[PDB]
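Engineer: Just dropping this structure here.
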Amino acid sequence: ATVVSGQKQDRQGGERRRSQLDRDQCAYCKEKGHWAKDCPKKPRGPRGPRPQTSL
Amino acid sequence: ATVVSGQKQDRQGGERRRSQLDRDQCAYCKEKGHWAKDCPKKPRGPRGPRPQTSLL
RNA sequence: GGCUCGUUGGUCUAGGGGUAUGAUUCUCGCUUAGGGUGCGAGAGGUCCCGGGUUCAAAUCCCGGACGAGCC
Ligand SMILES: [Zn+2]
Ligand SMILES: [Zn+2]
């Protein structure tokens, strides 16, 4: 015995997989210097306002 | 119905920066009898001292 | 090595039917000889992936290593 007990979720229902990335790389195309929010692969339109974020 | 996922604790980190300190030795200069907050080398403690030097 | 499916993004956290919270960090200021350290701001999610079930079940039930197919 070690006078201590408890548990952990063992990530059985809490783990995933994602390709090689960093906080200076894009999750959509894997390039460096930007993020998916600015990815050059995207059509960058059309867009506009919505009540859910403007009212 | 019941569920369980372990029997003992786990860790995902630790520390060593505390360097086995004693609350009688300054972390700023290593001298004994005071703390950094009262170091005689600080510009605003324990009594606002100032260093000196020469060139002649 | 190429082609096809790319937007998984703090990290951690128990989760027995419904948006998060807490632990900690990172960035800036104060020192820059501080690890007895702190405080405010900036950075945190419709919280494993797919199929089945009544309005709804992260452990509702089932499969499941670090992906798969073709050249
Ligand atoms: Zn991109
Ligand atoms: Zn000192």
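A note on labels: chains of the structure tokens are A, B, ... as shown, every chain counts residues from 1, and ligands are counted from 1 in their shown order.
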Could you name the residues that touch residue 6 (chain A) at 6 Å or less, counting only C-alpha atoms (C1' of nucleotides), but leaving out those on the same chain fewer than 6 positions away, as a list in words?
Structural biologist: residues 7, 8 and 9 of chain B
Engineer: So which residues of chain A fall under alpha helix (DSSP H) by DSSP, listed as a ChimeraX atom specification?
Structural biologist: /A:51-54
Engineer: Those residues with N, CA and C atoms, as a JSON list (two decimals), in the first residue's frame please?
Structural biologist:
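What follows is the written file again.json:
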```
[["chain", "number", "residue", "atom", "x", "y", "z"],
["A", 51, "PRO", "N", -28.23, 38.45, -36.95],
["A", 51, "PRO", "CA", -28.82, 38.82, -35.66],
["A", 51, "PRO", "C", -28.17, 38.14, -34.44],
["A", 52, "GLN", "N", -27.79, 36.87, -34.57],
["A", 52, "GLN", "CA", -27.12, 36.06, -33.53],
["A", 52, "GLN", "C", -25.81, 36.69, -32.99],
["A", 53, "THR", "N", -25.17, 37.58, -33.75],
["A", 53, "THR", "CA", -23.91, 38.26, -33.40],
["A", 53, "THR", "C", -23.97, 39.80, -33.53],
["A", 54, "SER", "N", -25.14, 40.36, -33.87],
["A", 54, "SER", "CA", -25.37, 41.81, -34.06],
["A", 54, "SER", "C", -26.62, 42.37, -33.35]]
```
Engineer: Within 6 Å of region 27-33 of chain A, counting only C-alpha atoms (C1' of nucleotides), which residues qualify if same-chain residues fewer than 2 places away don't, as a PyMOL selection string?
Structural biologist: (chain A and resi 24-25+36) or (chain C and resi 6-7)
Engineer: Near residue 24 (chain B), within 9 Å and counting only C-alpha atoms (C1' of nucleotides), which residues show up once chain neighbours fewer than 6 positions away are dropped, as a list in words?
Structural biologist: residues 31, 32, 33, 34 and 35 of chain B
Engineer: If we count only C-alpha atoms, which residues of chain A reach to within 8 Å of chain B? Please list them as a list in words.
Structural biologist: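 In the required form, that comes to residues 4, 5, 6, 7, 8, 9 and 10 of chain A.
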Engineer: Restricting it to C-alpha atoms, dump the selection as a short mmCIF file (atom, residue, chain, number, x, y, z; two decimals), in the first residue's frame.
Structural biologist:
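The resulting file, result30.cif, is reproduced below:
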```cif
data_model
loop_
_atom_site.label_atom_id
_atom_site.label_comp_id
_atom_site.auth_asym_id
_atom_site.auth_seq_id
_atom_site.Cartn_x
_atom_site.Cartn_y
_atom_site.Cartn_z
CA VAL A 4 -3.12 7.29 -1.40
CA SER A 5 -6.02 6.36 -3.78
CA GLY A 6 -8.23 7.89 -6.55
CA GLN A 7 -8.97 7.73 -10.33
CA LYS A 8 -8.54 9.41 -13.78
CA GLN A 9 -10.75 9.07 -16.94
CA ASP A 10 -7.83 7.15 -18.71
#
```
Engineer: Enumerate residues in contact with ligand 2: an atom-to-atom distance of at most 7 Å, counting only C-alpha atoms (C1' of nucleotides) and all ligand atoms. Format the result as a PDB file with N, CA and C atoms, in the first residue's frame.
Structural biologist:
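Output contents, as saved in part_5.pdb:
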```pdb
ATOM      1  N   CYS B  26      18.566  34.809   1.007  1.00  0.00           N
ATOM      2  CA  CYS B  26      18.109  35.625  -0.116  1.00  0.00           C
ATOM      3  C   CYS B  26      18.248  34.943  -1.494  1.00  0.00           C
ATOM      4  N   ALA B  27      17.169  34.911  -2.288  1.00  0.00           N
ATOM      5  CA  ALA B  27      17.211  34.371  -3.654  1.00  0.00           C
ATOM      6  C   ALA B  27      17.905  35.325  -4.658  1.00  0.00           C
ATOM      7  N   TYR B  28      18.021  36.620  -4.331  1.00  0.00           N
ATOM      8  CA  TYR B  28      18.629  37.648  -5.187  1.00  0.00           C
ATOM      9  C   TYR B  28      20.165  37.664  -5.159  1.00  0.00           C
ATOM     10  N   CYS B  29      20.794  37.363  -4.011  1.00  0.00           N
ATOM     11  CA  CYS B  29      22.258  37.411  -3.856  1.00  0.00           C
ATOM     12  C   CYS B  29      22.915  36.240  -3.084  1.00  0.00           C
ATOM     13  N   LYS B  30      22.112  35.314  -2.535  1.00  0.00           N
ATOM     14  CA  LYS B  30      22.508  34.110  -1.769  1.00  0.00           C
ATOM     15  C   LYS B  30      22.957  34.362  -0.317  1.00  0.00           C
ATOM     16  N   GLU B  31      23.027  35.614   0.150  1.00  0.00           N
ATOM     17  CA  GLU B  31      23.388  35.935   1.546  1.00  0.00           C
ATOM     18  C   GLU B  31      22.342  35.432   2.562  1.00  0.00           C
ATOM     19  N   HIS B  34      18.315  37.485   5.566  1.00  0.00           N
ATOM     20  CA  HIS B  34      17.249  38.265   4.916  1.00  0.00           C
ATOM     21  C   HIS B  34      16.706  37.591   3.634  1.00  0.00           C
ATOM     22  N   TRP B  35      15.697  38.215   3.014  1.00  0.00           N
ATOM     23  CA  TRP B  35      15.044  37.822   1.749  1.00  0.00           C
ATOM     24  C   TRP B  35      15.307  38.899   0.684  1.00  0.00           C
ATOM     25  N   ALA B  36      15.061  38.605  -0.597  1.00  0.00           N
ATOM     26  CA  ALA B  36      15.205  39.557  -1.706  1.00  0.00           C
ATOM     27  C   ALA B  36      14.482  40.896  -1.446  1.00  0.00           C
ATOM     28  N   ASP B  38      14.171  42.508   1.166  1.00  0.00           N
ATOM     29  CA  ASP B  38      14.964  43.237   2.161  1.00  0.00           C
ATOM     30  C   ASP B  38      16.477  43.196   1.840  1.00  0.00           C
ATOM     31  N   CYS B  39      16.864  42.764   0.628  1.00  0.00           N
ATOM     32  CA  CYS B  39      18.260  42.689   0.202  1.00  0.00           C
ATOM     33  C   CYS B  39      18.936  44.081   0.239  1.00  0.00           C
ATOM     34  N   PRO B  40      20.142  44.230   0.832  1.00  0.00           N
ATOM     35  CA  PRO B  40      20.844  45.514   0.896  1.00  0.00           C
ATOM     36  C   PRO B  40      21.324  46.010  -0.479  1.00  0.00           C
ATOM     37  N   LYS B  41      21.236  45.168  -1.520  1.00  0.00           N
ATOM     38  CA  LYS B  41      21.618  45.512  -2.903  1.00  0.00           C
ATOM     39  C   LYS B  41      20.476  46.138  -3.715  1.00  0.00           C
TER      40      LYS B  41
END
```
Engineer: Could you tell me which residues of chain C sit within 8 Å of chain B when counting only C-alpha atoms (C1' of nucleotides), and give me the result as a list in words?
Structural biologist: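 The selection requested is residues 16, 33, 34, 35, 36 and 59 of chain C.
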Engineer: I need the contact residues of chain C against chain A, so if you could list those with any atom within 9 Å, counting only C-alpha atoms (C1' of nucleotides), and return them as a list in words, that would help.
Structural biologist: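 Putting it all together, I get residues 6, 7, 8, 9, 14, 47, 48, 49, 58, 59, 66 and 67 of chain C.
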Engineer: What would the file look like if the residues just selected were written as a PDB file, in the first residue's frame with N, CA, C and O atoms (P, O5', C5', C4', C3', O3' and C1' of nucleotides)?
Structural biologist:
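The new file again.pdb reads:
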```pdb
ATOM      1  P     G C   6     -12.444  17.199 -47.486  1.00  0.00           P
ATOM      2  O5'   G C   6     -11.536  17.051 -46.167  1.00  0.00           O
ATOM      3  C5'   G C   6     -11.219  18.190 -45.381  1.00  0.00           C
ATOM      4  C4'   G C   6     -10.097  17.883 -44.372  1.00  0.00           C
ATOM      5  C3'   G C   6      -9.783  19.094 -43.477  1.00  0.00           C
ATOM      6  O3'   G C   6      -9.786  18.719 -42.102  1.00  0.00           O
ATOM      7  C1'   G C   6      -8.074  18.714 -45.157  1.00  0.00           C
ATOM      8  P     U C   7     -11.039  19.002 -41.157  1.00  0.00           P
ATOM      9  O5'   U C   7     -10.815  20.539 -40.756  1.00  0.00           O
ATOM     10  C5'   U C   7      -9.668  20.961 -40.030  1.00  0.00           C
ATOM     11  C4'   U C   7      -9.699  22.471 -39.752  1.00  0.00           C
ATOM     12  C3'   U C   7     -10.940  22.926 -38.979  1.00  0.00           C
ATOM     13  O3'   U C   7     -10.819  22.696 -37.586  1.00  0.00           O
ATOM     14  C1'   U C   7     -10.495  24.383 -40.805  1.00  0.00           C
ATOM     15  P     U C   8     -12.006  23.062 -36.574  1.00  0.00           P
ATOM     16  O5'   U C   8     -11.926  21.854 -35.518  1.00  0.00           O
ATOM     17  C5'   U C   8     -10.786  21.684 -34.688  1.00  0.00           C
ATOM     18  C4'   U C   8     -10.370  20.208 -34.663  1.00  0.00           C
ATOM     19  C3'   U C   8      -9.236  19.951 -33.670  1.00  0.00           C
ATOM     20  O3'   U C   8      -9.763  19.797 -32.359  1.00  0.00           O
ATOM     21  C1'   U C   8      -9.095  18.623 -35.696  1.00  0.00           C
ATOM     22  P     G C   9      -8.812  19.686 -31.081  1.00  0.00           P
ATOM     23  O5'   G C   9      -7.969  21.047 -31.106  1.00  0.00           O
ATOM     24  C5'   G C   9      -8.567  22.296 -30.808  1.00  0.00           C
ATOM     25  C4'   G C   9      -7.515  23.411 -30.822  1.00  0.00           C
ATOM     26  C3'   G C   9      -8.115  24.729 -30.335  1.00  0.00           C
ATOM     27  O3'   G C   9      -8.223  24.713 -28.911  1.00  0.00           O
ATOM     28  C1'   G C   9      -6.505  25.000 -32.135  1.00  0.00           C
ATOM     29  P     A C  14     -10.944  13.324 -15.176  1.00  0.00           P
ATOM     30  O5'   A C  14     -12.194  12.660 -14.435  1.00  0.00           O
ATOM     31  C5'   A C  14     -12.098  12.134 -13.123  1.00  0.00           C
ATOM     32  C4'   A C  14     -13.379  12.467 -12.346  1.00  0.00           C
ATOM     33  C3'   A C  14     -14.670  12.015 -13.044  1.00  0.00           C
ATOM     34  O3'   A C  14     -15.080  10.691 -12.721  1.00  0.00           O
ATOM     35  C1'   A C  14     -14.821  14.286 -12.299  1.00  0.00           C
ATOM     36  P     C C  47     -20.034  20.167 -27.442  1.00  0.00           P
ATOM     37  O5'   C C  47     -18.800  19.518 -26.632  1.00  0.00           O
ATOM     38  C5'   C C  47     -17.491  19.454 -27.185  1.00  0.00           C
ATOM     39  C4'   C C  47     -16.459  18.822 -26.231  1.00  0.00           C
ATOM     40  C3'   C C  47     -16.948  17.554 -25.509  1.00  0.00           C
ATOM     41  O3'   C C  47     -16.669  16.398 -26.309  1.00  0.00           O
ATOM     42  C1'   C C  47     -15.992  19.156 -23.976  1.00  0.00           C
ATOM     43  P     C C  48     -16.979  14.875 -25.849  1.00  0.00           P
ATOM     44  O5'   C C  48     -15.986  14.028 -26.801  1.00  0.00           O
ATOM     45  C5'   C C  48     -14.600  14.348 -26.874  1.00  0.00           C
ATOM     46  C4'   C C  48     -13.789  13.417 -27.790  1.00  0.00           C
ATOM     47  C3'   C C  48     -14.479  13.032 -29.103  1.00  0.00           C
ATOM     48  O3'   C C  48     -14.331  14.035 -30.099  1.00  0.00           O
ATOM     49  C1'   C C  48     -13.382  11.164 -28.089  1.00  0.00           C
ATOM     50  P     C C  49     -15.403  14.194 -31.270  1.00  0.00           P
ATOM     51  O5'   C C  49     -15.250  12.913 -32.229  1.00  0.00           O
ATOM     52  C5'   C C  49     -14.484  12.945 -33.424  1.00  0.00           C
ATOM     53  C4'   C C  49     -14.588  11.622 -34.193  1.00  0.00           C
ATOM     54  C3'   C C  49     -16.012  11.204 -34.593  1.00  0.00           C
ATOM     55  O3'   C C  49     -16.552  11.892 -35.715  1.00  0.00           O
ATOM     56  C1'   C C  49     -14.796   9.360 -33.740  1.00  0.00           C
ATOM     57  P     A C  58     -24.136  12.272 -24.376  1.00  0.00           P
ATOM     58  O5'   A C  58     -22.633  12.450 -23.787  1.00  0.00           O
ATOM     59  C5'   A C  58     -21.908  11.352 -23.234  1.00  0.00           C
ATOM     60  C4'   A C  58     -20.407  11.319 -23.557  1.00  0.00           C
ATOM     61  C3'   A C  58     -19.615  10.377 -22.622  1.00  0.00           C
ATOM     62  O3'   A C  58     -18.814   9.417 -23.322  1.00  0.00           O
ATOM     63  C1'   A C  58     -19.071  12.729 -22.273  1.00  0.00           C
ATOM     64  P     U C  59     -19.393   7.991 -23.774  1.00  0.00           P
ATOM     65  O5'   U C  59     -19.727   7.320 -22.346  1.00  0.00           O
ATOM     66  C5'   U C  59     -20.798   6.403 -22.172  1.00  0.00           C
ATOM     67  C4'   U C  59     -21.111   6.151 -20.685  1.00  0.00           C
ATOM     68  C3'   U C  59     -21.252   7.416 -19.812  1.00  0.00           C
ATOM     69  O3'   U C  59     -22.581   7.821 -19.501  1.00  0.00           O
ATOM     70  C1'   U C  59     -19.470   6.009 -19.042  1.00  0.00           C
ATOM     71  P     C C  66      -5.042   5.286 -34.251  1.00  0.00           P
ATOM     72  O5'   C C  66      -3.555   5.869 -34.066  1.00  0.00           O
ATOM     73  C5'   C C  66      -3.314   7.206 -33.651  1.00  0.00           C
ATOM     74  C4'   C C  66      -1.810   7.519 -33.625  1.00  0.00           C
ATOM     75  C3'   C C  66      -1.066   7.099 -34.897  1.00  0.00           C
ATOM     76  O3'   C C  66      -1.155   8.026 -35.973  1.00  0.00           O
ATOM     77  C1'   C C  66       0.115   6.409 -32.935  1.00  0.00           C
ATOM     78  P     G C  67      -0.826   7.556 -37.471  1.00  0.00           P
ATOM     79  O5'   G C  67      -2.283   7.308 -38.091  1.00  0.00           O
ATOM     80  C5'   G C  67      -3.209   6.432 -37.469  1.00  0.00           C
ATOM     81  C4'   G C  67      -4.535   6.330 -38.227  1.00  0.00           C
ATOM     82  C3'   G C  67      -4.444   5.639 -39.589  1.00  0.00           C
ATOM     83  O3'   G C  67      -4.314   4.225 -39.518  1.00  0.00           O
ATOM     84  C1'   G C  67      -5.826   7.551 -39.710  1.00  0.00           C
TER      85        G C  67
END
```
Engineer: Can you measure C1' of residue 17 (chain C) to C1' of residue 60 (chain C) for me? One decimal in Å is fine.
Structural biologist: 8.0 Å
Engineer: Tell me which protein, DNA and RNA residues are within 12 Å of residue 26 (chain C), counting only C-alpha atoms (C1' of nucleotides), leaving out same-chain ones fewer than 2 positions away, and put them as a list in words.
Structural biologist: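 Contacts, in chain order: residues 23 of chain A; 10, 11, 24, 28, 42 and 43 of chain C.
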Engineer: Could you turn the residues from that selection into a file that holds N, CA and C atoms (P, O5', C5', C4', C3', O3' and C1' of nucleotides), as a PDB file, in the first residue's frame?
Structural biologist:
```pdb
ATOM      1  N   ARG A  23       1.185  26.749 -33.077  1.00  0.00           N
ATOM      2  CA  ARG A  23       0.367  27.980 -32.929  1.00  0.00           C
ATOM      3  C   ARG A  23       0.757  29.118 -33.891  1.00  0.00           C
TER       4      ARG A  23
ATOM      5  P     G C  10      -9.156  25.737 -28.089  1.00  0.00           P
ATOM      6  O5'   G C  10      -8.064  26.789 -27.528  1.00  0.00           O
ATOM      7  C5'   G C  10      -7.313  26.545 -26.345  1.00  0.00           C
ATOM      8  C4'   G C  10      -5.898  25.969 -26.567  1.00  0.00           C
ATOM      9  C3'   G C  10      -5.656  24.558 -25.996  1.00  0.00           C
ATOM     10  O3'   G C  10      -5.544  23.574 -27.023  1.00  0.00           O
ATOM     11  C1'   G C  10      -4.221  26.185 -24.948  1.00  0.00           C
ATOM     12  P     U C  11      -5.836  22.016 -26.757  1.00  0.00           P
ATOM     13  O5'   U C  11      -5.007  21.607 -25.446  1.00  0.00           O
ATOM     14  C5'   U C  11      -3.712  21.033 -25.511  1.00  0.00           C
ATOM     15  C4'   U C  11      -3.146  20.818 -24.100  1.00  0.00           C
ATOM     16  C3'   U C  11      -4.030  19.956 -23.191  1.00  0.00           C
ATOM     17  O3'   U C  11      -3.979  18.559 -23.446  1.00  0.00           O
ATOM     18  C1'   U C  11      -3.211  21.851 -22.025  1.00  0.00           C
ATOM     19  P     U C  24      -3.359  26.635  -9.328  1.00  0.00           P
ATOM     20  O5'   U C  24      -2.550  26.489 -10.708  1.00  0.00           O
ATOM     21  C5'   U C  24      -1.496  25.554 -10.841  1.00  0.00           C
ATOM     22  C4'   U C  24      -1.069  25.358 -12.301  1.00  0.00           C
ATOM     23  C3'   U C  24      -0.531  26.597 -13.025  1.00  0.00           C
ATOM     24  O3'   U C  24       0.783  26.978 -12.630  1.00  0.00           O
ATOM     25  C1'   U C  24      -2.025  25.402 -14.435  1.00  0.00           C
ATOM     26  P     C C  28       6.592  39.007 -23.220  1.00  0.00           P
ATOM     27  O5'   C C  28       5.712  40.204 -22.603  1.00  0.00           O
ATOM     28  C5'   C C  28       5.270  41.285 -23.413  1.00  0.00           C
ATOM     29  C4'   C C  28       4.443  42.306 -22.621  1.00  0.00           C
ATOM     30  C3'   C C  28       5.177  42.887 -21.412  1.00  0.00           C
ATOM     31  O3'   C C  28       6.184  43.813 -21.800  1.00  0.00           O
ATOM     32  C1'   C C  28       2.891  42.439 -20.914  1.00  0.00           C
ATOM     33  P     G C  42      -9.233  41.597 -21.168  1.00  0.00           P
ATOM     34  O5'   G C  42      -8.021  41.085 -22.097  1.00  0.00           O
ATOM     35  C5'   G C  42      -7.634  41.787 -23.269  1.00  0.00           C
ATOM     36  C4'   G C  42      -6.545  41.043 -24.055  1.00  0.00           C
ATOM     37  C3'   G C  42      -6.909  39.593 -24.386  1.00  0.00           C
ATOM     38  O3'   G C  42      -7.799  39.469 -25.486  1.00  0.00           O
ATOM     39  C1'   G C  42      -4.671  39.748 -23.636  1.00  0.00           C
ATOM     40  P     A C  43      -8.837  38.251 -25.551  1.00  0.00           P
ATOM     41  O5'   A C  43      -7.901  36.940 -25.565  1.00  0.00           O
ATOM     42  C5'   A C  43      -7.254  36.507 -26.753  1.00  0.00           C
ATOM     43  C4'   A C  43      -6.513  35.178 -26.562  1.00  0.00           C
ATOM     44  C3'   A C  43      -7.375  34.067 -25.960  1.00  0.00           C
ATOM     45  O3'   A C  43      -8.302  33.503 -26.874  1.00  0.00           O
ATOM     46  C1'   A C  43      -5.177  34.032 -25.070  1.00  0.00           C
TER      47        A C  43
END
```
Engineer: How many Å separate CA of residue 41 (chain A) from atom 1 (Zn, counted along the ligand's line) of ligand 1?
Structural biologist: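 Taking CA of residue 41 (chain A) as the start and atom 1 (Zn, counted along the ligand's line) of ligand 1 as the end point, the length is 6.1 Å.
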Engineer: To one decimal place in Å, what is the distance between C1' of residue 51 (chain C) and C1' of residue 20 (chain C)?
Structural biologist: 28.4 Å
Engineer: Calculated over only C-alpha atoms and all ligand atoms, which of the candidates A:50, A:44, A:2, A:55 has the smallest distance to ligand 1?
Structural biologist: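 Looking at the shortest contact to ligand 1, the residue is A:44.
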